[PDB]
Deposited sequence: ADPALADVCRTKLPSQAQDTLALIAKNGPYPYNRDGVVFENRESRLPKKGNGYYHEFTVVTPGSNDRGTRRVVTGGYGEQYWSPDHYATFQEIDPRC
């Protein structure tokens, strides 16, 4: 599969995003929560609208860092506007 990464190892801002998602916002950007279509099949392949994307703030202007969520609560880290993904392990 993809690499696993511990939630506590992610940047403070990525964790902030994880917490806002758990909270359902309110979100800092108008594009927070739009569908991610996984057009490159880097995440597991699912039906339309399975994935949504959320900005991880970069002390910067909106930047490249993202969390993507799946429909059953999967969370993935991408620092590079979807070029690479890690699956976030909420256990560590």
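Participant: Which parts of the deposited chain sequence are absent from the coordinates, listed in sequence order?
Facilitator: No coordinates exist for the deposited residues in 1-3, 64-65, so these stretches are absent from the model.
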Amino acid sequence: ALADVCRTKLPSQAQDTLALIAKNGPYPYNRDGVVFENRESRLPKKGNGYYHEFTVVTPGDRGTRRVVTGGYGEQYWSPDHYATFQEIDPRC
From here on, numbers count along this sequence of modelled residues.
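Participant: Determine, for stretches 31-39 and 61-69, which one has the higher mean CA B-factor as deposited.
Facilitator: Higher mean C-alpha B-factor in the PDB entry: 61-69.
Participant: Name the residue from 78, 75, 12, 24 with the greatest C-alpha temperature factor listed in the entry.
Facilitator: Out of 78, 75, 12, 24, the record gives the largest C-alpha B-factor to 12.
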